[PDB]
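> Model the following, please.
(4 chains)
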Amino acid sequence: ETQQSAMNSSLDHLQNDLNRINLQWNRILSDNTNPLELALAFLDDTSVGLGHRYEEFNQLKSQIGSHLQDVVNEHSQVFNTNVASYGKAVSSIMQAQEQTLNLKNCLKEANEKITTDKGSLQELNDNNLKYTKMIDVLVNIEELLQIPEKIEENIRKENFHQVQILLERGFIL
Amino acid sequence: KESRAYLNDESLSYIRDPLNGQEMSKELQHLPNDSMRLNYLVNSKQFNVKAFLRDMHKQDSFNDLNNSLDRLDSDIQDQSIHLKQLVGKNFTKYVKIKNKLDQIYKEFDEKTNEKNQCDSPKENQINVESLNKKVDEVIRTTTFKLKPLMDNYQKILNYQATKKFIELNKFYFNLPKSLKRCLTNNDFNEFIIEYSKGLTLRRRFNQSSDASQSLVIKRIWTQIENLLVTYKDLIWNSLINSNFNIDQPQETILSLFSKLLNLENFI
Amino acid sequence: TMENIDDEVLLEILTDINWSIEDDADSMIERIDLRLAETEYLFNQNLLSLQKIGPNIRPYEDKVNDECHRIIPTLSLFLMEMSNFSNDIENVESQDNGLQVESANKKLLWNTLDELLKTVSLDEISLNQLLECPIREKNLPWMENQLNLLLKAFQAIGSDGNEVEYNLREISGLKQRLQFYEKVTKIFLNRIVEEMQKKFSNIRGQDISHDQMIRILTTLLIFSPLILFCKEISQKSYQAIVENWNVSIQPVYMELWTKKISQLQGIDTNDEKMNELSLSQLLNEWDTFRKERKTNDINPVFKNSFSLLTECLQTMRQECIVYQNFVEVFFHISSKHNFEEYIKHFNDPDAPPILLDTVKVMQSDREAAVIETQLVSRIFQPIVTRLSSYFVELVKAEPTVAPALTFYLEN
Amino acid sequence: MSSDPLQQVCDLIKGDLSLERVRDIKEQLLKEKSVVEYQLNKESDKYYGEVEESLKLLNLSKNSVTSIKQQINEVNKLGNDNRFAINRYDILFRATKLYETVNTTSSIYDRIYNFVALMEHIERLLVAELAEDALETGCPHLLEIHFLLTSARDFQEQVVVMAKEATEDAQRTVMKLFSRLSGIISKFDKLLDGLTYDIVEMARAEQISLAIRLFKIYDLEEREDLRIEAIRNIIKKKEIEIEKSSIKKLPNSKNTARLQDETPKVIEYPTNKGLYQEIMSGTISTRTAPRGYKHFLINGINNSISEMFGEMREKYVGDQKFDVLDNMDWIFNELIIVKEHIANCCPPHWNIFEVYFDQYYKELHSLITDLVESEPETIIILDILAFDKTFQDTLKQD
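Residues are numbered from 1 along each chain as shown, chains lettered A, B, ... in the order given. The protein structure is shown below:
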């Protein structure tokens, strides 16, 4: 599908190209700028005289208005495309919500939330002061069981009891 | 906080403008930009050419050059006439439809990333600063989890290893069980025979597939070497001194060679 | 066949020994698990307020990034304010009637006719003509064009066919990328046979200790296959030509280093002579001129310190030339983008090592590590004189993004 | 260890060789480690998941927010596409020739400064309508807000007199200043005679269903419009403190200036470095700045018209001994009726609901003085002000 489109350009838009280009001589002659405070001081109000600047200005209103035959539909297009800085920078302000605020503060703060109240800083010690204690339970369960058994029932099978007395030497070591 | 703060005035003005786009050609009695491609007319603040796409009849597999092109020339002709003075001949609103269309975009080269903006609005130049410095601050967090995440993976790795030896009881043992059984009696013979029968179950865990369980391969490897040790012990005994029930020792070399070269026969 | 174990369950069971057997050693694993539990709760409250204030000591730099980024809040509300009020001036400016079918009708005349650039349908001239298998390897029509024609096969959203009021690829999408991915399925099997074939030539490539330099120049002949932006692995297939094809072809390099590195075995027997040179040292010292020189110390001759620059370098083939398999992972799949355009020019990685800012994962370092350490095992004179050797090995790799740190942690 | 020898005392509380009681003591240690690992288990899990969301959002916002400001690289660098391209026509002659006559606002300033003189001399009585209400002016949303927009057209002589600070001439704010004598303070004070007489007209016992509707509607329209207007001028010193104090106070000047900056860094120079953050362009663009005290500074006189009528209804004697809160709390009932009636009238400003609690400052401060010493009936001192404490609580939201 080629989609052959017939706008109003290169015959309409040539009046914007040539007659609004009178501003090279017309707008530089009347010099209708710098500032809009002529008859606020009530002095001149022309000044003088914004007719050739209205020949270029009205050449933008009419000669680029007859050029705006189908181009006042189509100048008329970046109202949803020159707001690309409005779709992003506020999104960058949302990103500044996310990064200048939420990444740094959720980072170091939502990091630092689960803190002491662990707690573990007590309880892992209380685990340790259980655990090693329970270790010295079972090791002292071992050695106190060892020499009473080894000398008793391993009377006969010597050099199997050498293992047992070695383990008592470790457990009391 | 809409003066100025860039968001509440953009939400109020620019997003009250969004519903003004949603009811511009849609509420123009009635979706006059299209021919009812969508009742809600998504979106009409932009094209949304999958939703509102009915500016003329076709709209077909190739006939978008037929009538959608004739929609372009049709409403570009009717809008070439009506838009010549709708905002056309009064083109101060078209000088402003080029001012906030191009000169605001000329300020969007100054509201870009970056380029020749000022450039001392500091955005500009790290747009991936959360990757440029906060993946570097998150690389200080990689120094953090360098301890902690590795602790989590070795943690659940060790718990999964407890699951793994929990998932292997007769096998991954039976090195010292059949090994201590071996020199003990005969090994019963069942403490070699039935022990490597019910272990030949899980030695066929190590044989119904092996890839690449060098753990389980080491298991049935030491099963093999131990079985060879009782083999050469058996024929060493029954050969050299030769003093037992001779039929029993030949039954030992017989059955032990049967299983031994049965698994070597599988090899 | 490859259950939840053998993912270093060997190295898990390499705590002490799987030497008969033990469930006692399983209890020993429970003891090491509680040791890690107190070391990791210890890391937890170490980092929970303390080094979470160490993370607030990081938020000097990071909240400072939120401070230049808080100027980006002023740059973002400055640009968003210029475009907020100026876009409100657009809302009153172009929409004087507004009435977008009377004031801004570039898209209300053209609700679908402004989106009318979908004429590249469909298939399949240059998909197999501009790439026989390829026509490439000179930034040629399969690199420059038929690649980007397969990007047009992916620019065609093959399941977003019509939206029939638009109807761009209603029946054109039935066989656009089905003939472009049928002919490029033949080019895909062509690069798959070029992957097993060229990677079997890389298995023949064993250039210089080890070095797979033929796999490096051959890896230059594979950067276009992984760049190949559709995208490149359409169904996890180009990476399976880079990984599942290199699955067995890791074990040619891994089997190569496996049989290779474990053969340097040579040692002494009994060195009471050198203890009569460090007993003869203190005899004529000091009280004299020393004696020792520093004398032997015959272990300082690199019987095992040779591997500290060799099997740390061959470990840096399992790691850092596997970080030149970070030039062969896909490569470095990035970046060419249409579809072989930028990597049509830029297909030359280092890759090793080189910095640290990423998140990734890899393999092919198990047996070189276990070979280097398990080789170094019965070493009873070391690590007394090898203090800064094994601690330099401990403090080897800080700044890379490779697992050579975990190797240095294994070291 | 220093715990273990103490634990050797704790298990040496079983005897000396006490293997059965050593076993049971080990079961006690197993109970202690058991519960300590239940709570350390789940607590460690909650901390671990906190680290999981912590690094999960440091991830998700490092990457995704790096692609949100880098999505502003995508869409904002897409903003730089049509910078000198867009709108398919003579935009150069649209912004420099057709917008040259936008710098030609002379005759509008002559007939609108002159008509701002004469017609707001007329609107010094017409838009300053009073005597007595006739719906508060009559119709102060027509009248007093006609003096607000007539003072917003004379915010060219009130707020954009502070924007036109030596723009191009000398009589733009001098020959038009005698055109602003009957122009600005005959419109702004006309909106303040209509605003003080609007809220005073809203302080008139009904006040009314159309008088406080129109009057308060002007006193929320020009009140909140004045609030965003002077908030746009204070955000012209805060958008200039954001902008010109990122220019003058970069710091790279580095003197900085003497003496138009520090002070007034950052304002910084009107028309347009000190004005265009409240002026064109600027789609507002004056800021407004009507009316300043419609109820932007005159909603305090409404809740202080029931809290100055309320405080005025004390009659400090207390007319028997403590009848201050009788008429004062009657003006608190009129403060609830005028409050909810005015929020029914005006949402943005003009006594939404603060008249009730302002009249609770009137009844609170009033009842804390009628029996301060024993000057009231000492036998009936606390019963009166306490009876209006709990009863005037129960007569309202309490």
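> Excluding residues flanking it in the chain, which one is nearest residue A:63?
residue A:19 (3.7 Å; C-beta to C-beta, 6 or more residues apart in numbering or on different chains). (C-beta placed from N, C-alpha, C; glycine too.)
> ok, the one you found touching residue A:58?
No: checked against C-beta atoms under 8 Å, the pair residue A:19 and residue A:58 is beyond contact range at 9.6 Å.
> that older thread, over to the residue nearest to residue A:63: give its phi and psi.
phi -90, psi -30 (degrees, to the nearest 10).
> Helices along the chain, start to end?
Going with chain A. A:13-18, A:27-30, A:53-58, A:84-95, A:104-111, A:120-153, A:161-171 (DSSP state H).
> Hmm, no, I was thinking of chain B.
So, for chain B - with DSSP H - the helices run B:8-22, B:69-86, B:92-98, B:104-106, B:129-132, B:137-146, B:148-166, B:175-182, B:195-202, B:205-208, B:214-240, B:247-266.
> which of the ones you listed sits most buried?
helix B:92-98 (a mean of 29; mean count of other C-beta atoms under 10 Å in any protein chain shown).
> Can you give the distance of that helix from its chain's centre?
Computed by C-alpha atoms, centre = their mean, to the nearest Å, the chain-centroid distance of helix B:92-98 equals 50 Å.
> Then stretch C:223-237?
So, by C-alpha atoms, centre = their mean, the centroid of stretch C:223-237 is 16 Å from its chain's centroid.
> For that stretch, list every residue counted as buried.
Of all the residues in stretch C:223-237, those buried under the rule 16 or more other C-beta atoms under 10 Å in any protein chain shown are C:223, C:224, C:225, C:226, C:227, C:228, C:229, C:230, C:232, C:233, C:234, C:237.
> Go ahead and confirm the second one touches residue C:344.
Yes: Residue C:224 lies in contact with residue C:344 (C-beta under 8 Å); the separation is 7.2 Å.
> returning to that earlier point: just so I know, which of the helices of chain B lies nearest residue A:53?
helix B:92-98 (13.1 Å; C-beta to C-beta).
> by contact count, what packs against the closest one?
helix C:59-93, helix D:92-95 (3 or more C-beta pairs under 8 Å, 6 or more residues apart in numbering or on different chains; DSSP states H and E).
> Can the shortest one be said to contact chain B?
Yes: using C-beta under 8 Å from any C-beta of the partner chain, helix D:92-95 reaches chain B at D:94, D:95.
> Also the first one?
Yes: Helix C:59-93 lies within reach of chain B by C-beta under 8 Å from any C-beta, at C:59, C:61-62, C:65, C:68-69, C:71-72, C:74-93.
> so which of the residues you listed are also by chain D?
Within the residues of helix C:59-93 next to chain B, those near chain D by C-beta under 8 Å from any C-beta are C:69, C:71-72, C:74, C:76-79, C:81, C:83, C:85-86, C:88-89, C:91-92.
> re earlier: contacting residues around the residue nearest to residue A:63?
Taking C-beta atoms under 8 Å, 6 or more residues apart in numbering or on different chains as the criterion, residue A:19 is in contact with A:59, A:63, A:64.
> which ones are touching the most centrally placed residue in chain D?
Taking C-alpha atoms, centre = their mean, the centroid of chain D lies closest to residue D:227, which sits 7.0 Å from it. Going by C-beta under 8 Å, 6+ apart, residue D:227 touches B:3, D:296, D:349.
> For chain C, what's its nearest residue on the stretch 201-350 of chain D.
Chain C sits closest to residue D:283 of the stretch 201-350 of chain D, with a gap of 3.8 Å, by C-beta to the nearest C-beta.
> Lovely, talk soon.
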